[PDB]
Protein chains: 12
Amino acid sequence: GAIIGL
Amino acid sequence: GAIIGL
Amino acid sequence: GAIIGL
Amino acid sequence: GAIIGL
Amino acid sequence: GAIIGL
Amino acid sequence: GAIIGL
Amino acid sequence: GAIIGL
Amino acid sequence: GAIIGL
Amino acid sequence: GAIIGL
Amino acid sequence: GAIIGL
Amino acid sequence: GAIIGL
Amino acid sequence: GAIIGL
């Protein structure tokens, strides 16, 4: 999984 | 943003 | 699954 | 930013 | 895993 | 910055 | 998959 | 931008 | 995967 | 910039 | 992997 | 700059 952004 | 692989 | 947006 | 490999 | 950003 | 290999 | 844009 | 390989 | 942009 | 090989 | 930019 | 071989 990944989280991309601020 | 994006949350991937939930 | 994924969540894309703010 | 990016959090990868969750 | 990795964290990239501030 | 980058935190790698978590 | 891919996301292209701002 | 582009996010590739999700 | 890749992220290209600011 | 570019983040490659995620 | 690589990170290119500031 | 460049960070290579992560």
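**Student:** Quick one: what's the story with the arrangement of the chains, residue by residue and with numbers?
**Tutor:** Regarding chain C and chain E, the two do not touch, and the least distance separating their C-alpha atoms is 18 Å. What separates chain G from chain K at the closest point of their C-alpha atoms is a distance of 18 Å, and the two make no contact.

**Student:** Please provide a residue-by-residue account of the nonpolar core, values included.
**Tutor:** A:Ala2, A:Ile4, B:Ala2, B:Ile4, D:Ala2, D:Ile4, E:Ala2, E:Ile4, H:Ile3, I:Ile3, J:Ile3 and K:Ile3 together form the largest nonpolar core, which totals 12 residues. Mapped onto this core, the elements with two or more residues apiece are β1 (2-4) of chain A, β1 (2-4) of chain B, β1 (2-4) of chain D together with β1 (2-4) of chain E. Not counting residues within four places of it along the chain, the set of residues in contact with K:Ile3 comprises E:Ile4, F:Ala2, J:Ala2, J:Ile3, L:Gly1, L:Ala2, L:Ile3 and L:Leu6.

**Student:** Describe the interface of chain A and chain D, with residues and values.
**Tutor:** Contacts between the two partners involve 6 residues from chain A, matched on the other side by 6 residues from chain D. When chain A packs against chain D, the two sides together hide about 440 Å² of surface, and 49% of this comes from carbon and sulfur. Counting every contact that joins chain A to chain D gives 0 salt bridges. Remark: the boundary between chain A and chain D carries 4 residue pairs in polar contact.

**Student:** Kindly report on the sheet that holds strand β1 (residues 2-4) of chain H, identifying the contributing residues and their values.
**Tutor:** Adjacent strands of a sheet pair through backbone hydrogen bonds, lying either parallel or antiparallel. Taken in spatial order, the 6 strands line up as β1(G)-β1(H)-β1(I)-β1(J)-β1(K)-β1(L) in an open sheet, and their pairing is antiparallel. The open sheet has two free edges, formed respectively by β1 (2-4) of chain G together with β1 (2-4) of chain L, since each of these has just one partner strand. If you compare each strand with its neighbour and ignore which way they point, the axes differ by 10° on average.

**Student:** Outline the environment of A:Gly5, listing residues and values.
**Tutor:** Position of A:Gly5 relative to the elements: it lies in the segment after β1. By relative accessible area, A:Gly5 is classed as partly exposed at 31%. When residues no more than four places from it in sequence are discounted, the contact partners of A:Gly5 are B:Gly1 and D:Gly1.

Reading guide: rules and limits
- Residues numbered from 1 in each chain as written, not as in the entry; some residues may be left out.
- Chains lettered and ligands numbered in written order.
- Heavy atoms only, no water.
- Contact = heavy atoms within 4.5 Å.
- Core = buried A, V, L, I, M, F, W, Y, C linked by side-chain atoms within 4.5 Å.
- Buried < 20%, exposed > 50% of the residue type's maximum accessible area, 1.4 Å probe, protein only.
- Helix = DSSP H or I, 4+ residues; strand = E, 2+ residues; numbered from the N terminus.
- Buried area = accessible area lost by both parts, 1.4 Å probe.
- Salt bridge = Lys/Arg side-chain N within 4 Å of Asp/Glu carboxyl O.
- Polar contact = N/O pair within 3.5 Å; in protein donor to acceptor, adjacent residues only side chain to side chain.
- Pairing = 2+ DSSP bridges.
- Axes fitted to C-alpha atoms, helices over the stretch in contact; angles between N-to-C directions.

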